[PDB]
Amino acid sequence: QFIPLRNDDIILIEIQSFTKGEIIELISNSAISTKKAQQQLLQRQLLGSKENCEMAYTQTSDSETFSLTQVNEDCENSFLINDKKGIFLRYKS
Amino acid sequence: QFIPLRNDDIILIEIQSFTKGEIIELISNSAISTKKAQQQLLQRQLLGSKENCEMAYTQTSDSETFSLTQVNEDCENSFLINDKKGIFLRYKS
Amino acid sequence: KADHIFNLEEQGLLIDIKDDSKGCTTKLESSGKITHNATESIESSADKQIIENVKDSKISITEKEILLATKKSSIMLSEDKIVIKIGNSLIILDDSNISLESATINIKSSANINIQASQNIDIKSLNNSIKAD
Amino acid sequence: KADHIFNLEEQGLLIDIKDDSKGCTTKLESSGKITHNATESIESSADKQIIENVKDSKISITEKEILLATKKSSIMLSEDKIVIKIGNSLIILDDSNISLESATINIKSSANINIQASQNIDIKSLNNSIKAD
Amino acid sequence: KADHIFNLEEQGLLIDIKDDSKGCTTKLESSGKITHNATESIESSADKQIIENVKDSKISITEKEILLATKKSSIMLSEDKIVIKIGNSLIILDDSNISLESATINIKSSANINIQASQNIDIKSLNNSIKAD
């Protein structure tokens, strides 16, 4: 993989000597849920600038869905795989 | 990414002081091969509950395959890309 | 400002490309049915053949010759030679050569049978050639 | 040595499967248009019906009977019984039985009206049955 | 209890949606061939045109008028006016108005030429109007 460090993340930094700084851990995120984990189960990345591409597998109590969406200014791409319905391919606006 | 800690994983836990516990490393898996690594080359995630979605790239000695499968109770979704054959899309039961 | 779907289910593809007023909705259901729909038009061009077959029930299209055929029955819309068959009754339609072959001919009317020409007329016959008033 | 594309846009599917010389280019645009193209041939078989409908303008294909119909107008290419209708003027075409029903008949020519037979000929009539020279 | 495939290869799409007994198998091969298959039926509706073209070999469908045309040859299944052309031989088929225009007419039979009416009959002519027995 190759995920470089974006701006606006918060980072452990030792100062290992006089003029030797290093980076150890990461203290931030950008994708969680905000619900009680009995209604949502989010498992996903985010991508690029604007964070507009979700490789999400959001099993709710309803169904198990897979997704590759895109949210752009009125180009709204997607990719969906259910279990009740199955393989979708959509374009919206 | 956002992969929360599932149940039934085994975990290094220091006790950094009186009433300060933390979590450092992970000692478990859920996806390997069981063959001699001259016949299979598995590279994959697993997803959600029941572990039923594999983003696998299983190059055997036969061929290089890509896969996004789903194993549900008689809804058996897939997505395959070979080199000999190419882009597939299937639904089975 | 439109919307687009492409499915796959137990039944089959349910594909549409829809504006609010219009669309193009194609299926391939699992019940042996194929359908296609549109709100203006369907065109389909080729170079040699456009053939549809259900147990010798053809509509073929070549460059020149349109066959509309089943068993014992075939309109042949050939170039300059229309042939309309039931054995045995041909109707050739040419530039200047209409035959109406058969074994038997029956002809009815109610007001007129106007039979004109611009040269001679010959009605050759056998045992009877009758009339009434 | 070929190339293959499968799109989706605001307009619709722009699907082709192309060698350098040949190809098969299908669309489903959003403007109510469906097109299909090829460089050799198109075939399509079924088992019961091949039906196309635009406001009672049919071309249907059954196992036996080809209907080519709109309102008041229907060529029926049935098996051994060609029926060509405008009410009221039938032209049955059978094995040995051609009728040309109508109300009125007018017939023109310019060189010959050769009317031959191999048995008797009967021209039954009413008030007039005329000629000229 | 069915199965579904959607391919892409060097040759092209090999798409089927199959139960054990039935299915719908469409291709787009790279050899200029398009095929579609089913086990019951194919339907396809539109609103203006259904046109197939291979070097002026049409089958078009409008709301009203079915053209079945190549060069010099065109059945026009218009509403209430069947027109069947080879230049120069028209056969109009109307409600009560059948013409059989040509330059020449030849007519054969073997058993009967029954020519009846319910009003007068006029056979106008020139130089000959002959018979035999």
# chains A, B, ... in the order shown; residues from 1 in each chain; ligands from 1
call {"tool": "residues_around", "arguments": {"residues": "region 45-53 of chain A", "least_positions_apart": "6", "cutoff": "10 Å", "atoms": "only C-alpha atoms", "output": "PyMOL selection string"}}
result
(chain A and resi 3+6+30-31+67-72+76-78) or (chain B and resi 1-3)
call {"tool": "residues_around", "arguments": {"residues": "residue 43 (chain E)", "least_positions_apart": "2", "cutoff": "9 Å", "atoms": "only C-alpha atoms", "output": "ChimeraX atom specification"}}
result
/C:33-37 /D:49-53 /E:41,45
call {"tool": "write_last_selection", "arguments": {"atoms": "N, CA, C and O atoms", "output": "PDB file, in the first residue's frame"}}
result
ATOM      1  N   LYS C  33     -37.963 -14.699 -21.843  1.00  0.00           N
ATOM      2  CA  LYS C  33     -38.467 -13.471 -22.421  1.00  0.00           C
ATOM      3  C   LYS C  33     -37.320 -12.501 -22.621  1.00  0.00           C
ATOM      4  O   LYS C  33     -36.456 -12.360 -21.753  1.00  0.00           O
ATOM      5  N   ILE C  34     -37.307 -11.850 -23.772  1.00  0.00           N
ATOM      6  CA  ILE C  34     -36.406 -10.745 -24.043  1.00  0.00           C
ATOM      7  C   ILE C  34     -37.260  -9.564 -24.448  1.00  0.00           C
ATOM      8  O   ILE C  34     -38.091  -9.683 -25.352  1.00  0.00           O
ATOM      9  N   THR C  35     -37.068  -8.430 -23.801  1.00  0.00           N
ATOM     10  CA  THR C  35     -37.791  -7.251 -24.221  1.00  0.00           C
ATOM     11  C   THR C  35     -36.859  -6.057 -24.316  1.00  0.00           C
ATOM     12  O   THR C  35     -35.802  -6.014 -23.686  1.00  0.00           O
ATOM     13  N   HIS C  36     -37.245  -5.114 -25.164  1.00  0.00           N
ATOM     14  CA  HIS C  36     -36.524  -3.871 -25.364  1.00  0.00           C
ATOM     15  C   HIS C  36     -37.575  -2.796 -25.536  1.00  0.00           C
ATOM     16  O   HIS C  36     -38.605  -3.041 -26.160  1.00  0.00           O
ATOM     17  N   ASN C  37     -37.331  -1.614 -24.995  1.00  0.00           N
ATOM     18  CA  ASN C  37     -38.300  -0.543 -25.127  1.00  0.00           C
ATOM     19  C   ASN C  37     -37.584   0.779 -25.290  1.00  0.00           C
ATOM     20  O   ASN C  37     -36.460   0.957 -24.825  1.00  0.00           O
TER      21      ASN C  37
ATOM     22  N   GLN D  49     -42.891 -16.280 -29.898  1.00  0.00           N
ATOM     23  CA  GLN D  49     -43.319 -15.009 -30.464  1.00  0.00           C
ATOM     24  C   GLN D  49     -42.135 -14.087 -30.700  1.00  0.00           C
ATOM     25  O   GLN D  49     -41.173 -14.078 -29.932  1.00  0.00           O
ATOM     26  N   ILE D  50     -42.211 -13.318 -31.784  1.00  0.00           N
ATOM     27  CA  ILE D  50     -41.275 -12.237 -32.082  1.00  0.00           C
ATOM     28  C   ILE D  50     -42.152 -11.065 -32.495  1.00  0.00           C
ATOM     29  O   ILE D  50     -42.564 -10.978 -33.654  1.00  0.00           O
ATOM     30  N   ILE D  51     -42.457 -10.168 -31.568  1.00  0.00           N
ATOM     31  CA  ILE D  51     -43.529  -9.202 -31.770  1.00  0.00           C
ATOM     32  C   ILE D  51     -42.982  -7.794 -31.608  1.00  0.00           C
ATOM     33  O   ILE D  51     -42.229  -7.524 -30.669  1.00  0.00           O
ATOM     34  N   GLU D  52     -43.349  -6.901 -32.527  1.00  0.00           N
ATOM     35  CA  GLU D  52     -42.967  -5.496 -32.474  1.00  0.00           C
ATOM     36  C   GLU D  52     -44.215  -4.635 -32.579  1.00  0.00           C
ATOM     37  O   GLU D  52     -45.004  -4.812 -33.507  1.00  0.00           O
ATOM     38  N   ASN D  53     -44.388  -3.687 -31.660  1.00  0.00           N
ATOM     39  CA  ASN D  53     -45.661  -2.986 -31.529  1.00  0.00           C
ATOM     40  C   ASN D  53     -45.429  -1.495 -31.398  1.00  0.00           C
ATOM     41  O   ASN D  53     -44.776  -1.060 -30.450  1.00  0.00           O
TER      42      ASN D  53
ATOM     43  N   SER E  41     -39.751 -16.120 -25.994  1.00  0.00           N
ATOM     44  CA  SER E  41     -40.263 -15.055 -26.844  1.00  0.00           C
ATOM     45  C   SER E  41     -39.377 -13.825 -26.766  1.00  0.00           C
ATOM     46  O   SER E  41     -38.623 -13.632 -25.813  1.00  0.00           O
ATOM     47  N   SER E  45     -40.848  -2.880 -28.357  1.00  0.00           N
ATOM     48  CA  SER E  45     -41.751  -1.796 -28.705  1.00  0.00           C
ATOM     49  C   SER E  45     -41.012  -0.466 -28.708  1.00  0.00           C
ATOM     50  O   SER E  45     -39.956  -0.317 -28.093  1.00  0.00           O
TER      51      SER E  45
END
call {"tool": "closest_atom_pairs", "arguments": {"of": "chain D", "to": "chain E", "cutoff": "6 Å", "atoms": "only C-alpha atoms", "output": "JSON lines"}}
result
{"residue": "D:17", "atom": "CA", "partner": "E:30", "partner_atom": "CA", "distance": 5.9}
{"residue": "D:22", "atom": "CA", "partner": "E:32", "partner_atom": "CA", "distance": 5.8}
{"residue": "D:23", "atom": "CA", "partner": "E:32", "partner_atom": "CA", "distance": 5.4}
{"residue": "D:38", "atom": "CA", "partner": "E:32", "partner_atom": "CA", "distance": 5.1}
{"residue": "D:39", "atom": "CA", "partner": "E:32", "partner_atom": "CA", "distance": 4.4}
{"residue": "D:40", "atom": "CA", "partner": "E:32", "partner_atom": "CA", "distance": 4.6}
{"residue": "D:41", "atom": "CA", "partner": "E:33", "partner_atom": "CA", "distance": 5.1}
{"residue": "D:42", "atom": "CA", "partner": "E:34", "partner_atom": "CA", "distance": 4.8}
{"residue": "D:43", "atom": "CA", "partner": "E:35", "partner_atom": "CA", "distance": 4.9}
{"residue": "D:44", "atom": "CA", "partner": "E:36", "partner_atom": "CA", "distance": 4.8}
{"residue": "D:45", "atom": "CA", "partner": "E:37", "partner_atom": "CA", "distance": 5.2}
{"residue": "D:46", "atom": "CA", "partner": "E:38", "partner_atom": "CA", "distance": 5.0}
{"residue": "D:47", "atom": "CA", "partner": "E:40", "partner_atom": "CA", "distance": 4.8}
{"residue": "D:48", "atom": "CA", "partner": "E:41", "partner_atom": "CA", "distance": 5.4}
{"residue": "D:49", "atom": "CA", "partner": "E:41", "partner_atom": "CA", "distance": 4.7}
{"residue": "D:50", "atom": "CA", "partner": "E:42", "partner_atom": "CA", "distance": 4.9}
{"residue": "D:51", "atom": "CA", "partner": "E:43", "partner_atom": "CA", "distance": 4.9}
{"residue": "D:52", "atom": "CA", "partner": "E:44", "partner_atom": "CA", "distance": 5.1}
{"residue": "D:53", "atom": "CA", "partner": "E:45", "partner_atom": "CA", "distance": 5.0}
{"residue": "D:54", "atom": "CA", "partner": "E:47", "partner_atom": "CA", "distance": 5.6}
{"residue": "D:86", "atom": "CA", "partner": "E:95", "partner_atom": "CA", "distance": 5.5}
{"residue": "D:87", "atom": "CA", "partner": "E:95", "partner_atom": "CA", "distance": 5.2}
{"residue": "D:88", "atom": "CA", "partner": "E:95", "partner_atom": "CA", "distance": 5.2}
{"residue": "D:102", "atom": "CA", "partner": "E:96", "partner_atom": "CA", "distance": 5.9}
{"residue": "D:103", "atom": "CA", "partner": "E:96", "partner_atom": "CA", "distance": 5.0}
{"residue": "D:104", "atom": "CA", "partner": "E:96", "partner_atom": "CA", "distance": 5.4}
{"residue": "D:105", "atom": "CA", "partner": "E:98", "partner_atom": "CA", "distance": 5.2}
{"residue": "D:106", "atom": "CA", "partner": "E:99", "partner_atom": "CA", "distance": 5.1}
{"residue": "D:107", "atom": "CA", "partner": "E:100", "partner_atom": "CA", "distance": 5.2}
{"residue": "D:108", "atom": "CA", "partner": "E:101", "partner_atom": "CA", "distance": 5.3}
{"residue": "D:109", "atom": "CA", "partner": "E:103", "partner_atom": "CA", "distance": 5.1}
{"residue": "D:110", "atom": "CA", "partner": "E:103", "partner_atom": "CA", "distance": 4.9}
{"residue": "D:111", "atom": "CA", "partner": "E:104", "partner_atom": "CA", "distance": 5.2}
{"residue": "D:112", "atom": "CA", "partner": "E:104", "partner_atom": "CA", "distance": 5.4}
{"residue": "D:113", "atom": "CA", "partner": "E:105", "partner_atom": "CA", "distance": 5.0}
{"residue": "D:114", "atom": "CA", "partner": "E:106", "partner_atom": "CA", "distance": 4.7}
{"residue": "D:115", "atom": "CA", "partner": "E:107", "partner_atom": "CA", "distance": 4.9}
{"residue": "D:116", "atom": "CA", "partner": "E:108", "partner_atom": "CA", "distance": 5.1}
{"residue": "D:117", "atom": "CA", "partner": "E:109", "partner_atom": "CA", "distance": 4.6}
{"residue": "D:118", "atom": "CA", "partner": "E:110", "partner_atom": "CA", "distance": 4.2}
{"residue": "D:119", "atom": "CA", "partner": "E:111", "partner_atom": "CA", "distance": 4.7}
{"residue": "D:120", "atom": "CA", "partner": "E:112", "partner_atom": "CA", "distance": 5.9}
{"residue": "D:121", "atom": "CA", "partner": "E:113", "partner_atom": "CA", "distance": 5.2}
{"residue": "D:122", "atom": "CA", "partner": "E:114", "partner_atom": "CA", "distance": 5.3}
{"residue": "D:123", "atom": "CA", "partner": "E:115", "partner_atom": "CA", "distance": 4.8}
{"residue": "D:124", "atom": "CA", "partner": "E:116", "partner_atom": "CA", "distance": 5.0}
{"residue": "D:125", "atom": "CA", "partner": "E:117", "partner_atom": "CA", "distance": 5.6}
{"residue": "D:126", "atom": "CA", "partner": "E:119", "partner_atom": "CA", "distance": 5.9}
{"residue": "D:127", "atom": "CA", "partner": "E:120", "partner_atom": "CA", "distance": 5.5}
{"residue": "D:128", "atom": "CA", "partner": "E:120", "partner_atom": "CA", "distance": 4.6}
{"residue": "D:129", "atom": "CA", "partner": "E:121", "partner_atom": "CA", "distance": 5.0}
{"residue": "D:130", "atom": "CA", "partner": "E:122", "partner_atom": "CA", "distance": 5.2}
{"residue": "D:131", "atom": "CA", "partner": "E:123", "partner_atom": "CA", "distance": 5.2}
{"residue": "D:132", "atom": "CA", "partner": "E:125", "partner_atom": "CA", "distance": 5.4}
{"residue": "D:133", "atom": "CA", "partner": "E:126", "partner_atom": "CA", "distance": 4.5}
call {"tool": "closest_atom_pairs", "arguments": {"of": "chain B", "to": "chain E", "cutoff": "10 Å", "atoms": "only C-alpha atoms", "output": "CSV"}}
result
residue,atom,partner,partner_atom,distance
B:74,CA,E:1,CA,8.5
B:75,CA,E:1,CA,9.6
B:76,CA,E:3,CA,9.8
B:77,CA,E:4,CA,9.9
B:79,CA,E:6,CA,9.7
B:80,CA,E:7,CA,9.4
B:81,CA,E:8,CA,9.5
B:82,CA,E:9,CA,9.9
B:83,CA,E:9,CA,9.6
B:84,CA,E:9,CA,8.5
B:85,CA,E:9,CA,5.7
B:86,CA,E:9,CA,5.9
B:87,CA,E:8,CA,5.3
B:88,CA,E:7,CA,4.7
B:89,CA,E:6,CA,4.8
B:90,CA,E:5,CA,4.7
B:91,CA,E:4,CA,5.0
B:92,CA,E:3,CA,4.7
B:93,CA,E:1,CA,5.6
call {"tool": "write_last_selection", "arguments": {"atoms": "N, CA, C and O atoms", "output": "mmCIF file, in the first residue's frame"}}
result
data_model
loop_
_atom_site.group_PDB
_atom_site.id
_atom_site.type_symbol
_atom_site.label_atom_id
_atom_site.label_comp_id
_atom_site.auth_asym_id
_atom_site.auth_seq_id
_atom_site.Cartn_x
_atom_site.Cartn_y
_atom_site.Cartn_z
ATOM 1 N N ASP B 74 -27.473 -19.420 -0.160
ATOM 2 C CA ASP B 74 -28.014 -19.515 -1.518
ATOM 3 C C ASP B 74 -28.300 -18.146 -2.132
ATOM 4 O O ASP B 74 -29.318 -17.937 -2.790
ATOM 5 N N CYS B 75 -27.385 -17.210 -1.902
ATOM 6 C CA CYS B 75 -27.135 -16.091 -2.805
ATOM 7 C C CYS B 75 -25.623 -15.991 -2.897
ATOM 8 O O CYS B 75 -24.969 -15.637 -1.915
ATOM 9 N N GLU B 76 -25.058 -16.336 -4.048
ATOM 10 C CA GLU B 76 -23.622 -16.588 -4.161
ATOM 11 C C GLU B 76 -23.031 -15.659 -5.217
ATOM 12 O O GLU B 76 -22.792 -16.063 -6.354
ATOM 13 N N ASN B 77 -22.748 -14.423 -4.814
ATOM 14 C CA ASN B 77 -22.280 -13.392 -5.727
ATOM 15 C C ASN B 77 -20.796 -13.550 -5.995
ATOM 16 O O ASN B 77 -20.063 -14.132 -5.196
ATOM 17 N N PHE B 79 -17.279 -11.839 -8.692
ATOM 18 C CA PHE B 79 -16.650 -10.879 -9.584
ATOM 19 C C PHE B 79 -15.293 -11.485 -9.900
ATOM 20 O O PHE B 79 -14.513 -11.711 -8.978
ATOM 21 N N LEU B 80 -14.977 -11.773 -11.150
ATOM 22 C CA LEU B 80 -13.724 -12.451 -11.443
ATOM 23 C C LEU B 80 -13.014 -11.780 -12.599
ATOM 24 O O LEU B 80 -13.648 -11.340 -13.561
ATOM 25 N N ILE B 81 -11.692 -11.702 -12.499
ATOM 26 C CA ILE B 81 -10.848 -11.227 -13.585
ATOM 27 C C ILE B 81 -9.669 -12.182 -13.718
ATOM 28 O O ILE B 81 -8.821 -12.254 -12.822
ATOM 29 N N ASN B 82 -9.618 -12.915 -14.826
ATOM 30 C CA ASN B 82 -8.504 -13.795 -15.130
ATOM 31 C C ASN B 82 -7.508 -13.075 -16.022
ATOM 32 O O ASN B 82 -7.610 -11.871 -16.265
ATOM 33 N N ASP B 83 -6.528 -13.820 -16.519
ATOM 34 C CA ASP B 83 -5.731 -13.394 -17.657
ATOM 35 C C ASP B 83 -6.016 -14.202 -18.901
ATOM 36 O O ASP B 83 -5.869 -13.689 -20.012
ATOM 37 N N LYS B 84 -6.405 -15.457 -18.730
ATOM 38 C CA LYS B 84 -6.761 -16.279 -19.869
ATOM 39 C C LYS B 84 -8.142 -15.918 -20.381
ATOM 40 O O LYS B 84 -8.394 -15.966 -21.587
ATOM 41 N N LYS B 85 -9.040 -15.540 -19.478
ATOM 42 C CA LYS B 85 -10.433 -15.316 -19.826
ATOM 43 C C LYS B 85 -10.874 -13.879 -19.616
ATOM 44 O O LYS B 85 -11.433 -13.273 -20.534
ATOM 45 N N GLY B 86 -10.637 -13.307 -18.443
ATOM 46 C CA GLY B 86 -10.924 -11.898 -18.275
ATOM 47 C C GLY B 86 -12.097 -11.574 -17.377
ATOM 48 O O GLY B 86 -12.371 -12.292 -16.414
ATOM 49 N N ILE B 87 -12.805 -10.497 -17.696
ATOM 50 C CA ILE B 87 -13.775 -9.894 -16.789
ATOM 51 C C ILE B 87 -15.033 -10.743 -16.740
ATOM 52 O O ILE B 87 -15.721 -10.909 -17.750
ATOM 53 N N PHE B 88 -15.349 -11.268 -15.565
ATOM 54 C CA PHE B 88 -16.589 -11.996 -15.377
ATOM 55 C C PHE B 88 -17.491 -11.248 -14.408
ATOM 56 O O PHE B 88 -17.045 -10.405 -13.632
ATOM 57 N N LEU B 89 -18.772 -11.577 -14.473
ATOM 58 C CA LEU B 89 -19.762 -11.140 -13.500
ATOM 59 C C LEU B 89 -20.776 -12.258 -13.384
ATOM 60 O O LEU B 89 -21.377 -12.643 -14.390
ATOM 61 N N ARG B 90 -20.959 -12.792 -12.185
ATOM 62 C CA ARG B 90 -21.818 -13.953 -12.022
ATOM 63 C C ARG B 90 -22.799 -13.770 -10.880
ATOM 64 O O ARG B 90 -22.567 -13.000 -9.946
ATOM 65 N N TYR B 91 -23.905 -14.497 -10.982
ATOM 66 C CA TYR B 91 -24.807 -14.763 -9.878
ATOM 67 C C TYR B 91 -25.084 -16.252 -9.877
ATOM 68 O O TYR B 91 -25.360 -16.828 -10.931
ATOM 69 N N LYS B 92 -25.024 -16.877 -8.709
ATOM 70 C CA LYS B 92 -25.318 -18.298 -8.616
ATOM 71 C C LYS B 92 -26.244 -18.525 -7.434
ATOM 72 O O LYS B 92 -26.718 -17.579 -6.800
ATOM 73 N N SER B 93 -26.508 -19.793 -7.155
ATOM 74 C CA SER B 93 -27.440 -20.186 -6.111
ATOM 75 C C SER B 93 -27.176 -21.619 -5.661
ATOM 76 O O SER B 93 -26.864 -21.869 -4.498
#
call {"tool": "atom_distance", "arguments": {"atom1": "CA of residue 16 (chain A)", "atom2": "CA of residue 16 (chain B)"}}
result
21.2 Å
call {"tool": "select_by_dssp", "arguments": {"residues": "region 42-73 of chain D", "states": "strand (DSSP E or B)", "output": "number ranges by chain"}}
result
D: 42-45, 49-53, 57-61, 66-70, 73
call {"tool": "write_last_selection", "arguments": {"atoms": "N, CA and C atoms", "output": "PDB file, in the first residue's frame"}}
result
ATOM      1  N   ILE D  42     -26.819 -10.474 -38.190  1.00  0.00           N
ATOM      2  CA  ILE D  42     -27.599 -10.492 -36.963  1.00  0.00           C
ATOM      3  C   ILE D  42     -28.584 -11.647 -37.064  1.00  0.00           C
ATOM      4  N   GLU D  43     -28.622 -12.503 -36.050  1.00  0.00           N
ATOM      5  CA  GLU D  43     -29.593 -13.584 -36.008  1.00  0.00           C
ATOM      6  C   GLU D  43     -30.285 -13.554 -34.657  1.00  0.00           C
ATOM      7  N   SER D  44     -31.524 -14.041 -34.602  1.00  0.00           N
ATOM      8  CA  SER D  44     -32.261 -14.033 -33.336  1.00  0.00           C
ATOM      9  C   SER D  44     -33.373 -15.065 -33.396  1.00  0.00           C
ATOM     10  N   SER D  45     -33.254 -16.127 -32.611  1.00  0.00           N
ATOM     11  CA  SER D  45     -34.228 -17.204 -32.609  1.00  0.00           C
ATOM     12  C   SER D  45     -34.953 -17.263 -31.272  1.00  0.00           C
ATOM     13  N   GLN D  49     -42.891 -16.280 -29.898  1.00  0.00           N
ATOM     14  CA  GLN D  49     -43.319 -15.009 -30.464  1.00  0.00           C
ATOM     15  C   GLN D  49     -42.135 -14.087 -30.700  1.00  0.00           C
ATOM     16  N   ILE D  50     -42.211 -13.318 -31.784  1.00  0.00           N
ATOM     17  CA  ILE D  50     -41.275 -12.237 -32.082  1.00  0.00           C
ATOM     18  C   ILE D  50     -42.152 -11.065 -32.495  1.00  0.00           C
ATOM     19  N   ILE D  51     -42.457 -10.168 -31.568  1.00  0.00           N
ATOM     20  CA  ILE D  51     -43.529  -9.202 -31.770  1.00  0.00           C
ATOM     21  C   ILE D  51     -42.982  -7.794 -31.608  1.00  0.00           C
ATOM     22  N   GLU D  52     -43.349  -6.901 -32.527  1.00  0.00           N
ATOM     23  CA  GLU D  52     -42.967  -5.496 -32.474  1.00  0.00           C
ATOM     24  C   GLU D  52     -44.215  -4.635 -32.579  1.00  0.00           C
ATOM     25  N   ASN D  53     -44.388  -3.687 -31.660  1.00  0.00           N
ATOM     26  CA  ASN D  53     -45.661  -2.986 -31.529  1.00  0.00           C
ATOM     27  C   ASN D  53     -45.429  -1.495 -31.398  1.00  0.00           C
ATOM     28  N   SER D  57     -49.257  -1.634 -34.790  1.00  0.00           N
ATOM     29  CA  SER D  57     -48.477  -1.819 -36.009  1.00  0.00           C
ATOM     30  C   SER D  57     -47.571  -3.000 -35.705  1.00  0.00           C
ATOM     31  N   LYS D  58     -48.042  -4.191 -36.035  1.00  0.00           N
ATOM     32  CA  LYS D  58     -47.392  -5.419 -35.622  1.00  0.00           C
ATOM     33  C   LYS D  58     -46.553  -6.004 -36.739  1.00  0.00           C
ATOM     34  N   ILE D  59     -45.507  -6.710 -36.339  1.00  0.00           N
ATOM     35  CA  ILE D  59     -44.950  -7.817 -37.096  1.00  0.00           C
ATOM     36  C   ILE D  59     -44.766  -8.929 -36.082  1.00  0.00           C
ATOM     37  N   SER D  60     -45.617  -9.937 -36.135  1.00  0.00           N
ATOM     38  CA  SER D  60     -45.489 -11.051 -35.216  1.00  0.00           C
ATOM     39  C   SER D  60     -45.049 -12.284 -35.978  1.00  0.00           C
ATOM     40  N   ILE D  61     -44.409 -13.196 -35.262  1.00  0.00           N
ATOM     41  CA  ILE D  61     -43.991 -14.475 -35.810  1.00  0.00           C
ATOM     42  C   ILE D  61     -44.352 -15.553 -34.810  1.00  0.00           C
ATOM     43  N   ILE D  66     -47.551 -15.749 -39.802  1.00  0.00           N
ATOM     44  CA  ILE D  66     -46.892 -14.454 -39.827  1.00  0.00           C
ATOM     45  C   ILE D  66     -47.965 -13.400 -40.037  1.00  0.00           C
ATOM     46  N   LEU D  67     -48.165 -12.539 -39.050  1.00  0.00           N
ATOM     47  CA  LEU D  67     -49.096 -11.429 -39.174  1.00  0.00           C
ATOM     48  C   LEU D  67     -48.316 -10.156 -39.438  1.00  0.00           C
ATOM     49  N   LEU D  68     -48.753  -9.392 -40.428  1.00  0.00           N
ATOM     50  CA  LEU D  68     -48.128  -8.124 -40.781  1.00  0.00           C
ATOM     51  C   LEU D  68     -49.269  -7.124 -40.777  1.00  0.00           C
ATOM     52  N   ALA D  69     -49.576  -6.562 -39.618  1.00  0.00           N
ATOM     53  CA  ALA D  69     -50.868  -5.926 -39.445  1.00  0.00           C
ATOM     54  C   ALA D  69     -50.752  -4.520 -38.883  1.00  0.00           C
ATOM     55  N   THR D  70     -51.637  -3.658 -39.369  1.00  0.00           N
ATOM     56  CA  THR D  70     -52.027  -2.442 -38.675  1.00  0.00           C
ATOM     57  C   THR D  70     -53.543  -2.462 -38.576  1.00  0.00           C
ATOM     58  N   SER D  73     -55.731  -3.489 -41.970  1.00  0.00           N
ATOM     59  CA  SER D  73     -54.778  -3.920 -42.980  1.00  0.00           C
ATOM     60  C   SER D  73     -53.924  -5.008 -42.372  1.00  0.00           C
TER      61      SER D  73
END
call {"tool": "atom_distance", "arguments": {"atom1": "CA of residue 27 (chain B)", "atom2": "CA of residue 4 (chain B)"}}
result
14.9 Å
